[PDB]
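If you're matching them up, the sequences are chains S, R and T in order. Residues 121 to 180 in the entry's author numbering are what the first sequence lists, from first letter to last. Residues 157 to 334 in the entry's author numbering are what the second sequence lists, from first letter to last. Residues 286 to 382 in the entry's author numbering are what the third sequence lists, from first letter to last. Note that the Cβ used here is the ideal one computed from N, Cα and C, for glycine as well.
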Amino acid sequence: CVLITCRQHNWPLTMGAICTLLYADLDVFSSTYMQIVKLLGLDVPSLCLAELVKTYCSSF
Amino acid sequence: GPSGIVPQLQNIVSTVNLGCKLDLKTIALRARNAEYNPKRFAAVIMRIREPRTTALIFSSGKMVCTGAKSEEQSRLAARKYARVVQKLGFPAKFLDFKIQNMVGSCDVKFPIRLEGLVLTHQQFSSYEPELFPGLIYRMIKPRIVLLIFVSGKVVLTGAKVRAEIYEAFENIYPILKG
Amino acid sequence: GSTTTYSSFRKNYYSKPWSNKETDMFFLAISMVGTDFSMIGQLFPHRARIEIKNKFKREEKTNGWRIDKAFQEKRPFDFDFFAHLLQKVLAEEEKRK
């Protein structure tokens with residue numbers, strides 16, 4: 121839910137950056153993530169290419 | 157009409173009820189083409205080479221089969237498994253056979269940019285490349301799920317009859333043609 | 286500890302490849318035992334049941350004819366002789382190499 125929140129504000133955030141804090145694993149959390157989204161059917165944007173690069177490049 | 161191509165079929169799934177209870181341990185004991193583990197699972201696994209299929213038989217008497225290319229081949233293989241059970245000594249009978257699913261696929265001979273499709277069919281499209289490369293399309297008529305890739309290949313699942321697969325195919329033809 | 290951490294699909298971890306003579310034992314097992322992948326997992330302690338199923342899935346793509354030919358060339362079944370044949374043939378393979 122925090123993730124989709126940031127997506128609403130087109131706020132760039134990636135998948136593992138969240139899972140870092142949650143003891144999760146790719147399959148566990150991705151499968152679940154699909155489950156709620158299809159359950160709720162809420163509209164949510166994708167990761168827009170240029171957005172993520174600003175924060176990624178600035179970290180060097 | 158389509159561009160001269162109608163989707164092929166990939167898999168068949170079907171079920172049948174044999175009309176009696178079975179001893180799974182005996183069947184696994186005496187079947188060359190079977191695998192069973194009583195201590196973790198409640199059904200015996202078996203396979204036949206033609207039609208190249210597998211069957212899953214519970215102690216409750218119901219059976220699930222996969223691996224078929226067509227419904228007739230699934231029905232033939234299910235009858236074959238019924239004969240196998242009969243020769244094992246149980247009063248097996250072939251009743252209430254039904255197909256449950258089959259898989260279809262096709263290719264359009266040109267690439268497709270999935271981003272536009274997700275940008276225009278949000279209500280049906282899923283585009284999460286970091287999770288699964290393919291785009292997922294939840295089609296409503298017929299109640300079919302189509303899987304689409306950048307190469308122009310399309311895969312269809314969720315039908316009870318073949319006409320559903322081809323119906324979804326020509327339903328999505330104009331959409332992908334856009 | 287950094288935010289660049291990569292995440293990708295690690296479920297394809299490096300499994301031990303299959304030997305040609307091991308494949309020959311697999312075929313004589315279809316000849317000798319059948320398709321009871323749990324039982325075969327027992328005759329091959331170094332392979333588990335899922336490995337047997339994956340082996341079958343790989344073999345069936347091209348070698349169905351050899352599968353049938355082995356299955357019809359039936360042999361009486363003995364676990365003890367099977368184990369001896371395995372380690373003796375493996376040792377012979379290493380000695381030849």
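- Taking 9 Å as the cut-off, the Cβ atoms of T/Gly349 and R/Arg188 do not count as close.
- Residues of the stretch 298–310 of chain T with a Cβ closer than 9 Å to any Cβ of chain S: none.
- By the Cβ neighbour-count rule, R/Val200 is buried, with 16 or more other Cβ atoms within 10 Å of its own.
- Around the beta carbon of R/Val274, 16 or more other beta carbons sit within 10 angstroms, so the residue counts as buried.
- R/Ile268 is not a Cβ neighbour of R/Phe325, given a cutoff of 9 Å.
- Non-local C-beta neighbours of R/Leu251 in its own chain, meaning closer than 8 Å and more than five positions away in sequence, comprise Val172, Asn173, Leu174 and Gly175, ordered along the chain.
- DSSP places R/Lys218 inside the beta strand (DSSP E), whose first and last residues are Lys218 to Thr222.
- When the Cα atoms are used, T/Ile315 and T/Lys301 turn out to be separated by approximately 21 Å.
- Between R/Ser230 and R/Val311 the beta-carbon gap is near 19 Å, outside 8 Å, which marks them as no contact.
- Any Cβ of chain S closer than 9 Å to the Cβ of R/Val274 would place that residue at the interface, and such an atom is present.
- Around the C-beta of R/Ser216, fewer than 16 other C-beta atoms lie within 10 Å, and the residue is accordingly described as exposed.
- Contact check for R/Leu287 against S/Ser150 passes: the beta carbons are separated by less than 9 Å.
- The beta-carbon separation of S/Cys168 and S/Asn130, rounded to 7 Å, stays under the 8 Å limit for a contact.
- DSSP links T/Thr289 through a beta bridge to no other residue.
- The beta-bridge partner set that DSSP reports for S/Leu167 is empty.
- Close to S/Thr152, with beta-carbon spacing below 9 Å, lies no residue of chain T; the smallest spacing is near 15 Å.
- A distance of 9 Å or more separates the beta carbons of T/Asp353 and R/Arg203.
- Secondary structure of T/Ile315 (DSSP, three-state): helix.
- Residues of chain T with a Cβ closer than 8 Å to the Cβ of R/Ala190 are, in chain order, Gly319, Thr320 and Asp321.
- For R/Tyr329, the CB contacts under 7 Å within the same chain, skipping 5 residues up- and downstream, are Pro158 in chain order.
- For a Cβ distance threshold of 7 Å, residue set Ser150 of chain S lies close to R/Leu287, ordered along the chain.
- Judged by their CB atoms, S/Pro132 and S/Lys158 are not nearer to each other than the 9 Å cut-off.
- For R/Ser261, the enclosing beta strand (DSSP E) begins and ends at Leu251 to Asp263.
- For the set R/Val259, R/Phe246, R/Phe253 and R/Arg239, the Cα lying nearest the Cα of R/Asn167 is the one of R/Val259.
- At a cut-off of 9 Å, the C-beta of S/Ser179 has a neighbouring C-beta in chain T.
- Between R/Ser170 and R/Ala234, the CB-CB gap stays under 9 Å.
- Here R/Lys309 carries a strand assignment [DSSP, helix/strand/coil].
- With the rule of 3 Cβ pairs closer than 8 Å, the stretch 294–304 of chain R does not count as touching the stretch 137–147 of chain S.
- Looking only at R/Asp263, R/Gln279 and R/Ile331, the smallest Cα-Cα distance to R/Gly160 is reached by R/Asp263.
- The beta-carbon distance between R/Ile321 and R/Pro163, rounded to whole angstroms, is 6 Å. This is short enough to meet the 8 Å contact definition.
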